[PDB]
Number of protein chains: 4
Amino acid sequence: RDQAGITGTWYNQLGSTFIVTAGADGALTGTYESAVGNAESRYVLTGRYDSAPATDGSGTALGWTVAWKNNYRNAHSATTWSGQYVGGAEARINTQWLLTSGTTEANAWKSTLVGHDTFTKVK
Amino acid sequence: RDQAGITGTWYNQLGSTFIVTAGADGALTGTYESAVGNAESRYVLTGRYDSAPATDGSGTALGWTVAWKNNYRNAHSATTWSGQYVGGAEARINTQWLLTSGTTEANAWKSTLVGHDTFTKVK
Amino acid sequence: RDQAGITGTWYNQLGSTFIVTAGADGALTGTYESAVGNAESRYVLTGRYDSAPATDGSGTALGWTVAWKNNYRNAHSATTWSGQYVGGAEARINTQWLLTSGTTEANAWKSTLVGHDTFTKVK
Amino acid sequence: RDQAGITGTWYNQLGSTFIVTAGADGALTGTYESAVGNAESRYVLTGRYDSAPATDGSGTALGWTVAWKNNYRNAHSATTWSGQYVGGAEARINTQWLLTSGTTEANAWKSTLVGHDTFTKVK
C-alpha cells in the first residue's frame with residue numbers, strides 16, 4: 001500500500017536523517033541520525049505502521065522509537081514519534097514526539113520533552 | 001541492565017496488558033491488549049530501551065509503538081509510549097503517550113491524543 | 001519588553017485569528033476565533049507572558065487559555081497554548097497546545113488533544 | 001455549578017499549591033506556588049473554565065497559565081495546565097501541562113516540557 005511510499009530516506013526541518021524500511025506486516029526498521037542534541041552517527045529504530053489504511057484520502061498512522069544509545073554515545077534517553085504518512089507529490093510524515101530522559105524520582109516531573117517534526121523526501 | 005526487570009507482563013491503570021521481552025541489544029518486542037478504545041485481542045509492539053542506564057539511581061529510558069491493526073480490527077491509528085522503567089520492590093514503567101489517527105488534511109489538527117499510563121507488575 | 005511586540009492581531013496556519021493585549025505586568029487578554037472545530041465567533045482568552053525576558057536572543061515565554069463557550073456555542077472544552085514569541089522582521093509565536101474535553105471518567109483516557117500552531121502577523 | 005467547587009485551594013502530587021477563584025463568567029484568577037523547579041513564593045495565574053458544563057456526569061473543562069516571573073525570580077518560562085474538574089466526595093482536577101522556556105532558535109526543539117498533575121482538596 002504505502003509500504004513503497006514509506007520505505008526510504010527522510011529528512012526533517014532540523015536536518016536530521018531518518019532511514020526506514022516498511023515491512024508488509026506493518027513493521028518499521030532502520031536508523032536515525034540527529035542533527036541536534038549530543039547525538040552522533042546512527043541509532044537503531046523500530047516501529048509500526050497501519051499496513052491497511054483507509055482509502056478515503058486519510059493519512060497512514062505510524063510511530064517509531066529511538067533509544068539514544070549506540071557505540072559512540074549514550075544520552076540515557078528515548079524518543080518516540082507518533083504521526084501520519086501523507087502520500088502525493090510532496091509526500092510527508094507529520095509527527096509529534098516525546099523524549100523521555102532517565103531521571104531520579106525527584107526530577108521525574110521534568111523528564112519529558114515534547115515537539116513536532118515534519119519529514120520530507122528532500123533535504 | 002534492567003533486561004530481566006523489564007521483561008514480563010505489565011498492567012496499566014486502565015486494565016490494559018503489556019507483554020514485552022527486552023533484548024540484550026536494547027530491543028523491545030511483544031504484544032499489547034487495550035482495555036479501552038476500538039480494540040480487541042493482542043496487537044504487535046516493538047520498541048527500544050537504554051540497555052546501559054546510568055547507575056546513579058536514575059530510571060531507564062524506553063519507548064514503544066503499537067499500530068492498532070491485527071486480524072480482528074483496524075482503528076487506523078498508532079500509539080507511542082515514551083517513558084522510564086523504575087526498579088525496586090514496586091517496579092513501575094511511567095509513560096506519556098501520543099495516539100495519532102490517520103485523517104484528512106482538513107482534520108489533521110485533531111489527529112493526536114495525549115495521555116499518561118503507569119504500568120505495574122500486578123493488576 | 002515585547003509588550004509592543006505581542007499586542008495586536010495574529011493568525012495561525014489554520015486561518016484562526018488571535019487578538020491580544022499584553023499588559024506591563026505580564027497579563028494577556030483578548031479574544032480568539034477558530035477556523036476549525038465546533039466554534040463560532042469570538043471567545044475570551046486570558047494568559048501570561050514573561051515581561052522581563054533574557055536579553056541574549058532567546059524568545060519570550062508565554063501561554064494562554066480559551067474555554068470554548070461563548071454566547072453562540074459551548075464545546076465543553078478548553079485549549080491552552082504554551083510557547084514563545086520571537087521578534088524580528090518575521091515575528092512569530094511558536095506554540096504547542098492541549099485541548100481537554102469534559103468527559104465521563106470512562107472516557108477520560110481520550111479527553112485530550114495535542115497540536116502545534118504557529119502565529120504570524122499576516123494571514 | 002462548579003464555580004464553588006473550583007474556587008479554593010488545591011494541592012498536586014508534588015506538594016505544589018494552587019489558589020484560584022472561579023468567576024461566574026468563566027474566569028480563573030489566583031496564584032500558584034511550585035514545590036519544585038526554579039521557583040519561589042507565589043506567581044500570578046489566569047485562566048478559563050466552562051461555566052455551563054454538560055449535565056451528564058462529564059467533567060468541567062478548564063485551563064490556566066503561569067509565567068514563572070515574580071518579584072523574587074524569573075525562570076524565563078511559562079506553564080499551561082489543560083484538564084477537567086471532577087466533582088464529588090474526592091473532587092479532583094486532572095491535568096496535563098506544557099512548560100515552554102524562552103530559547104534561542106537553535107535550542108527551540110528542546111524548549112518544551114510535558115507532564116501531568118493531579119490536584120486534590122487535601123495535601
# chains A, B, ... in the order shown; residues from 1 in each chain; ligands from 1

call {"tool": "interface_residues", "arguments": {"of": "chain A", "to": "chain B", "cutoff": "9 Å", "atoms": "only C-alpha atoms", "output": "NGL selection string"}}
result
:A and (26-28 or 44-54 or 56-69 or 74-86 or 95-105 or 111-112)

call {"tool": "residues_around", "arguments": {"residues": "residue 110 (chain B)", "least_positions_apart": "4", "cutoff": "8 Å", "atoms": "only C-alpha atoms", "output": "short mmCIF file (atom, residue, chain, number, x, y, z; two decimals) with N, CA, C and O atoms, in the first residue's frame"}}
result
data_model
loop_
_atom_site.label_atom_id
_atom_site.label_comp_id
_atom_site.auth_asym_id
_atom_site.auth_seq_id
_atom_site.Cartn_x
_atom_site.Cartn_y
_atom_site.Cartn_z
N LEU C 113 -6.56 16.42 23.28
CA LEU C 113 -5.82 16.52 22.02
C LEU C 113 -4.56 17.38 22.21
O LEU C 113 -4.55 18.29 23.04
N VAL C 114 -3.53 17.09 21.40
CA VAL C 114 -2.29 17.86 21.39
C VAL C 114 -1.94 18.25 19.95
O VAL C 114 -2.13 17.48 19.00
N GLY C 115 -1.43 19.49 19.79
CA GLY C 115 -1.07 20.02 18.49
C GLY C 115 -0.05 21.15 18.61
O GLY C 115 0.48 21.40 19.69
#

call {"tool": "atom_distance", "arguments": {"atom1": "CA of residue 39 (chain B)", "atom2": "CA of residue 121 (chain B)"}}
result
22.2 Å

call {"tool": "select_by_dssp", "arguments": {"residues": "chain B", "states": "alpha helix (DSSP H)", "output": "PDB file with N, CA and C atoms, in the first residue's frame"}}
result
ATOM      1  N   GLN B   3      17.171  -5.676  31.874  1.00  0.00           N
ATOM      2  CA  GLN B   3      16.636  -6.592  30.881  1.00  0.00           C
ATOM      3  C   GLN B   3      15.649  -7.560  31.539  1.00  0.00           C
ATOM      4  N   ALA B   4      16.096  -8.168  32.640  1.00  0.00           N
ATOM      5  CA  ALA B   4      15.258  -9.046  33.436  1.00  0.00           C
ATOM      6  C   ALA B   4      14.111  -8.257  34.069  1.00  0.00           C
ATOM      7  N   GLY B   5      14.455  -7.086  34.640  1.00  0.00           N
ATOM      8  CA  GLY B   5      13.495  -6.146  35.198  1.00  0.00           C
ATOM      9  C   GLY B   5      12.338  -5.828  34.242  1.00  0.00           C
ATOM     10  N   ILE B   6      12.647  -5.592  32.962  1.00  0.00           N
ATOM     11  CA  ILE B   6      11.648  -5.085  32.042  1.00  0.00           C
ATOM     12  C   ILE B   6      10.811  -6.229  31.491  1.00  0.00           C
TER      13      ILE B   6
END

call {"tool": "select_by_dssp", "arguments": {"residues": "region 59-98 of chain D", "states": "strand (DSSP E or B)", "output": "MDAnalysis selection string"}}
result
chainID D and resid 60:69 74:86 92:98

call {"tool": "write_last_selection", "arguments": {"atoms": "C-alpha atoms", "output": "short mmCIF file (atom, residue, chain, number, x, y, z; two decimals), in the first residue's frame"}}
result
data_model
loop_
_atom_site.label_atom_id
_atom_site.label_comp_id
_atom_site.auth_asym_id
_atom_site.auth_seq_id
_atom_site.Cartn_x
_atom_site.Cartn_y
_atom_site.Cartn_z
CA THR D 60 -15.77 20.55 33.52
CA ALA D 61 -13.06 21.65 31.10
CA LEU D 62 -10.61 24.32 32.22
CA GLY D 63 -7.08 25.61 31.87
CA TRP D 64 -4.73 28.22 33.23
CA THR D 65 -1.30 29.76 32.71
CA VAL D 66 1.60 30.76 34.95
CA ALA D 67 4.57 32.82 33.74
CA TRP D 68 7.43 31.99 36.12
CA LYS D 69 8.32 35.59 36.90
CA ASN D 74 12.46 34.87 36.65
CA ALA D 75 12.75 31.41 35.10
CA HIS D 76 12.00 32.83 31.61
CA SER D 77 9.26 30.27 31.15
CA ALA D 78 5.52 29.62 31.28
CA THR D 79 3.39 26.62 32.09
CA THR D 80 -0.17 25.99 30.89
CA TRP D 81 -2.35 23.33 32.51
CA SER D 82 -5.23 21.91 30.47
CA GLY D 83 -7.66 19.49 32.13
CA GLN D 84 -11.00 18.89 33.79
CA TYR D 85 -12.57 19.36 37.21
CA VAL D 86 -14.37 16.27 38.53
CA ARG D 92 -10.13 16.31 41.53
CA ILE D 93 -8.59 18.48 38.89
CA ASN D 94 -6.89 16.18 36.40
CA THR D 95 -4.41 18.00 34.17
CA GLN D 96 -1.77 17.71 31.51
CA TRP D 97 0.68 20.64 31.20
CA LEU D 98 3.15 22.23 28.76
#

call {"tool": "closest_residue", "arguments": {"among": "B:30, B:37, B:109, B:24", "to": "residue 12 (chain C)", "atoms": "only C-alpha atoms"}}
result
B:109
